[PDB]
>>> print(open('structure29.pdb').read())   # PDB, C-alpha atoms (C1' of nucleotides)
ATOM      1  CA  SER A   1       0.000   0.000   0.000
ATOM      2  CA  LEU A   2       2.906   2.401   0.757
ATOM      3  CA  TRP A   3       4.421   1.431  -2.628
ATOM      4  CA  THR A   4       1.056   1.991  -4.363
ATOM      5  CA  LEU A   5       0.358   5.327  -2.624
ATOM      6  CA  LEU A   6       3.787   6.791  -3.556
ATOM      7  CA  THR A   7       4.540   5.155  -6.966
ATOM      8  CA  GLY A   8       1.044   4.275  -8.286
ATOM      9  CA  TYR A   9       2.113   0.564  -8.616
ATOM     10  CA  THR A  10       2.578  -2.420  -6.276
ATOM     11  CA  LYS A  11       6.038  -3.763  -5.164
ATOM     12  CA  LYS A  12       5.141  -6.977  -7.082
ATOM     13  CA  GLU A  13       5.347  -5.144 -10.482
ATOM     14  CA  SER A  14       6.791  -1.577 -10.031
ATOM     15  CA  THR A  15       9.949  -0.705 -12.098
ATOM     16  CA  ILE A  16      11.615   1.392  -9.320
ATOM     17  CA  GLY A  17      14.474  -0.465  -7.497
ATOM     18  CA  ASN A  18      14.637  -0.680  -3.642
ATOM     19  CA  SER A  19      17.472   1.888  -3.348
ATOM     20  CA  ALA A  20      15.649   4.403  -5.594
ATOM     21  CA  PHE A  21      12.417   3.840  -3.591
ATOM     22  CA  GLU A  22      14.291   4.746  -0.371
ATOM     23  CA  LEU A  23      15.412   7.987  -2.131
ATOM     24  CA  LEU A  24      11.737   8.669  -2.897
ATOM     25  CA  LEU A  25      10.865   8.071   0.791
ATOM     26  CA  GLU A  26      13.360  10.818   1.770
ATOM     27  CA  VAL A  27      11.690  13.272  -0.619
ATOM     28  CA  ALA A  28       8.304  12.171   0.798
ATOM     29  CA  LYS A  29       9.527  12.927   4.376
ATOM     30  CA  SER A  30      10.813  16.378   3.406
ATOM     31  CA  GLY A  31       7.517  17.304   1.647
ATOM     32  CA  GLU A  32       7.104  21.072   0.893
ATOM     33  CA  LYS A  33      10.759  21.734   1.812
ATOM     34  CA  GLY A  34      12.015  18.880  -0.388
ATOM     35  CA  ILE A  35      15.681  17.813  -0.390
ATOM     36  CA  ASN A  36      18.716  19.044  -2.362
ATOM     37  CA  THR A  37      20.637  16.206  -4.062
ATOM     38  CA  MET A  38      23.652  16.443  -1.683
ATOM     39  CA  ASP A  39      21.719  16.401   1.612
ATOM     40  CA  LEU A  40      19.769  13.501   0.069
ATOM     41  CA  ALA A  41      23.123  11.802  -0.730
ATOM     42  CA  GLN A  42      24.431  12.346   2.828
ATOM     43  CA  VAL A  43      21.165  11.229   4.545
ATOM     44  CA  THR A  44      20.754   8.102   2.372
ATOM     45  CA  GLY A  45      24.495   7.398   2.866
ATOM     46  CA  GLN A  46      25.575   6.942  -0.835
ATOM     47  CA  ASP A  47      27.738   8.891  -3.361
ATOM     48  CA  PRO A  48      26.453  11.488  -5.931
ATOM     49  CA  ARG A  49      27.161   9.162  -8.957
ATOM     50  CA  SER A  50      24.966   6.459  -7.355
ATOM     51  CA  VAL A  51      22.286   9.007  -6.323
ATOM     52  CA  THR A  52      22.187  10.487  -9.864
ATOM     53  CA  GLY A  53      22.077   7.079 -11.622
ATOM     54  CA  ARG A  54      19.192   6.039  -9.320
ATOM     55  CA  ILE A  55      17.187   9.328  -9.478
ATOM     56  CA  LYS A  56      16.552   8.737 -13.268
ATOM     57  CA  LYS A  57      14.012   6.016 -12.261
ATOM     58  CA  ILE A  58      11.880   8.646 -10.400
ATOM     59  CA  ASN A  59      12.362  11.950 -12.333
ATOM     60  CA  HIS A  60       8.720  11.717 -13.592
ATOM     61  CA  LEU A  61       7.371  11.842  -9.981
ATOM     62  CA  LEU A  62       9.557  14.804  -8.916
ATOM     63  CA  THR A  63       9.519  18.567  -9.635
ATOM     64  CA  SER A  64      13.125  19.857  -9.842
ATOM     65  CA  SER A  65      15.278  22.963 -10.402
ATOM     66  CA  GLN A  66      18.942  24.087 -10.090
ATOM     67  CA  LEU A  67      20.405  25.712  -6.928
ATOM     68  CA  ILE A  68      23.933  26.333  -5.515
ATOM     69  CA  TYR A  69      24.777  24.830  -2.093
ATOM     70  CA  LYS A  70      28.108  24.727  -0.156
ATOM     71  CA  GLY A  71      29.852  25.821  -3.412
ATOM     72  CA  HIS A  72      28.521  22.682  -5.225
ATOM     73  CA  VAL A  73      25.873  22.799  -8.004
ATOM     74  CA  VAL A  74      22.759  20.771  -7.068
ATOM     75  CA  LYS A  75      19.024  20.303  -7.815
ATOM     76  CA  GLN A  76      16.052  20.473  -5.437
ATOM     77  CA  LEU A  77      13.547  17.575  -5.507
ATOM     78  CA  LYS A  78       9.824  17.775  -4.499
ATOM     79  CA  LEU A  79       6.960  15.267  -5.016
ATOM     80  CA  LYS A  80       4.510  17.005  -7.493
ATOM     81  CA  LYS A  81       1.754  17.320  -4.828
ATOM     82  CA  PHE A  82       3.779  19.660  -2.528
TER      83      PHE A  82
ATOM     84  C1'  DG B   1      74.910  70.423 -78.898
ATOM     85  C1'  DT B   2      78.217  73.842 -79.982
ATOM     86  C1'  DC B   3      80.479  78.048 -81.368
ATOM     87  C1'  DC B   4      83.117  82.673 -80.334
ATOM     88  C1'  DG B   5      86.255  84.999 -77.117
ATOM     89  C1'  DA B   6      85.545  87.918 -72.960
ATOM     90  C1'  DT B   7      87.248  87.348 -68.667
ATOM     91  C1'  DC B   8      87.951  85.684 -62.516
ATOM     92  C1'  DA B   9      91.535  84.096 -61.120
ATOM     93  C1'  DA B  10      94.907  79.623 -62.505
ATOM     94  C1'  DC B  11      99.542  79.358 -62.119
ATOM     95  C1'  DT B  12     103.235  82.218 -62.905
ATOM     96  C1'  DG B  13     108.044  86.393 -61.794
ATOM     97  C1'  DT B  14     109.581  88.400 -55.912
ATOM     98  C1'  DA B  15     108.616  91.301 -50.967
ATOM     99  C1'  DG B  16     107.357  90.975 -45.965
ATOM    100  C1'  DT B  17     103.869  88.095 -41.750
ATOM    101  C1'  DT B  18     103.009  83.551 -38.957
ATOM    102  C1'  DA B  19     104.361  79.523 -35.092
ATOM    103  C1'  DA B  20     107.426  76.635 -31.549
ATOM    104  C1'  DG B  21     109.243  76.706 -26.926
ATOM    105  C1'  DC B  22     112.157  78.788 -23.679
ATOM    106  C1'  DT B  23     112.382  80.011 -16.708
ATOM    107  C1'  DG B  24     107.999  79.763 -14.407
ATOM    108  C1'  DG B  25     104.325  78.647 -11.167
ATOM    109  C1'  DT B  26      99.373  78.241 -12.608
ATOM    110  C1'  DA B  27      94.091  77.628 -14.299
ATOM    111  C1'  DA B  28      92.686  76.227 -18.410
ATOM    112  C1'  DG B  29      90.726  71.892 -21.837
ATOM    113  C1'  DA B  30      89.609  67.059 -22.185
ATOM    114  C1'  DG B  31      88.711  63.499 -18.926
ATOM    115  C1'  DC B  32      87.874  59.056 -15.761
ATOM    116  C1'  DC B  33      85.226  55.778 -12.647
ATOM    117  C1'  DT B  34      81.901  55.005  -8.808
ATOM    118  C1'  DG B  35      77.813  56.259  -7.908
ATOM    119  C1'  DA B  36      72.687  57.438  -8.352
ATOM    120  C1'  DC B  37      67.618  57.546 -11.359
ATOM    121  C1'  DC B  38      64.518  56.738 -14.325
ATOM    122  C1'  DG B  39      63.007  54.203 -18.844
ATOM    123  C1'  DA B  40      62.802  50.179 -21.028
ATOM    124  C1'  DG B  41      63.725  44.830 -21.542
ATOM    125  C1'  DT B  42      63.786  39.953 -20.460
ATOM    126  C1'  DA B  43      60.497  36.805 -19.652
ATOM    127  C1'  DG B  44      58.149  33.875 -16.366
ATOM    128  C1'  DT B  45      54.106  34.718 -14.003
ATOM    129  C1'  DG B  46      48.793  35.012 -12.294
ATOM    130  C1'  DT B  47      44.146  34.022 -12.558
ATOM    131  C1'  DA B  48      40.561  32.114 -15.560
ATOM    132  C1'  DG B  49      38.330  29.090 -19.072
ATOM    133  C1'  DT B  50      37.799  25.069 -22.853
ATOM    134  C1'  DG B  51      38.463  20.821 -23.729
ATOM    135  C1'  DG B  52      39.575  15.704 -22.910
ATOM    136  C1'  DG B  53      40.285  11.601 -21.009
ATOM    137  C1'  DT B  54      40.011   8.350 -16.654
ATOM    138  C1'  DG B  55      37.276   6.264 -13.561
ATOM    139  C1'  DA B  56      32.963   4.370 -11.317
ATOM    140  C1'  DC B  57      28.628   2.581 -11.671
ATOM    141  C1'  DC B  58      24.908   0.971 -14.165
ATOM    142  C1'  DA B  59      21.737  -2.173 -17.342
ATOM    143  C1'  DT B  60      21.390  -4.258 -21.167
ATOM    144  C1'  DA B  61      22.234  -8.022 -24.046
ATOM    145  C1'  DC B  62      22.925 -13.158 -24.816
ATOM    146  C1'  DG B  63      23.703 -17.878 -23.170
ATOM    147  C1'  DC B  64      24.026 -21.640 -19.732
ATOM    148  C1'  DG B  65      22.267 -23.257 -16.067
ATOM    149  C1'  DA B  66      18.795 -23.565 -12.083
ATOM    150  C1'  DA B  67      14.198 -24.320 -10.336
ATOM    151  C1'  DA B  68       9.066 -23.644 -11.635
ATOM    152  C1'  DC B  69       4.702 -25.557 -13.450
ATOM    153  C1'  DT B  70       1.759 -28.118 -16.369
ATOM    154  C1'  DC B  71       0.010 -32.319 -18.101
ATOM    155  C1'  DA B  72       0.209 -37.023 -18.539
ATOM    156  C1'  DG B  73       3.020 -41.451 -17.107
ATOM    157  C1'  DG B  74       2.792 -45.394 -13.633
ATOM    158  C1'  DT B  75       1.738 -48.142  -9.615
ATOM    159  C1'  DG B  76      -1.310 -51.737  -7.012
ATOM    160  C1'  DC B  77      -5.255 -53.058  -5.218
ATOM    161  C1'  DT B  78      -9.942 -55.283  -5.837
ATOM    162  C1'  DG B  79     -15.131 -54.998  -7.634
ATOM    163  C1'  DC B  80     -16.793 -57.490 -10.590
ATOM    164  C1'  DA B  81     -16.982 -60.927 -14.130
ATOM    165  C1'  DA B  82     -15.490 -65.532 -16.828
ATOM    166  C1'  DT B  83     -12.207 -69.381 -17.761
ATOM    167  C1'  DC B  84     -11.207 -73.727 -16.188
ATOM    168  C1'  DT B  85     -12.633 -77.047 -13.121
TER     169       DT B  85
END
>>> encode(input="structure29.pdb", output="structure tokens")
Amino acid sequence: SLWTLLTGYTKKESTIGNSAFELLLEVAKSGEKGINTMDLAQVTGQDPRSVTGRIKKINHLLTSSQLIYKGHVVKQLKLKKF
DNA sequence: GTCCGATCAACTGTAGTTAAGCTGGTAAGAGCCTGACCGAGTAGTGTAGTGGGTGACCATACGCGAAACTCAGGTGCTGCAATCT
């Protein structure tokens, strides 16, 4: 049901991998504030290459835009509903 | 271009103006090398940006193997009937 409510599909058939789904859960927790890709990377505990390669699987669910943070160039992520 | 021949001075006869250096004590040209002052020269440097190639991580593909699932093989008794008696 959590899978279905967030992705629109059940765990039994959804195309999103477990790691990418946990990324989505972090964006779900942050809601209206959303998460920048580096704080997401730090909180999930994985590197920016891995985060970027995974985020492709969910870019249709997320509104995004560029921003500059701690001298690095990053994007903000928000679920469409927020 | 050349022709005539007048004519400043070329090259030719003797009558009269120019240094060099001596006695010195001396300031005058022409000068030398260290030093200082700015302009220019030798040239590697200081940020800043374009491109490229390495590295990691992924997924996509086949191909071999592993277990799954479907459908039909195979076991063994005995309910019922028929051969030998």
>>> residues_near_point(input="structure29.pdb", point="(20.2, 20.9, -7.1)", cutoff="8 Å", atoms="all atoms listed in the file", output="ChimeraX atom specification")
/A:36-38,64-69,73-77
>>> interface_residues(input="structure29.pdb", of="chain B", to="chain A", cutoff="10 Å", atoms="only C-alpha atoms (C1' of nucleotides)", output="list in words")
residues 56, 57 and 58 of chain B
>>> residues_around(input="structure29.pdb", residues="residue 45 of chain A", least_positions_apart="6", cutoff="12 Å", atoms="only C-alpha atoms (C1' of nucleotides)", output="JSON, numbers by chain")
{"A": [19, 22, 23, 26, 37, 38, 39, 51]}
>>> closest_residue(input="structure29.pdb", among="A:24, A:43, A:55, A:48", to="residue 80 of chain A", atoms="all atoms listed in the file")
A:24
>>> atom_distance(input="structure29.pdb", atom1="atom CA of residue 61 of chain A", atom2="atom CA of residue 34 of chain A")
12.8 Å
>>> atom_distance(input="structure29.pdb", atom1="atom CA of residue 47 of chain A", atom2="atom CA of residue 20 of chain A")
13.1 Å
>>> atom_distance(input="structure29.pdb", atom1="atom CA of residue 56 of chain A", atom2="atom CA of residue 15 of chain A")
11.6 Å
>>> closest_residue(input="structure29.pdb", among="A:28, A:58, A:35, A:41", to="residue 5 of chain A", atoms="all atoms listed in the file")
A:28
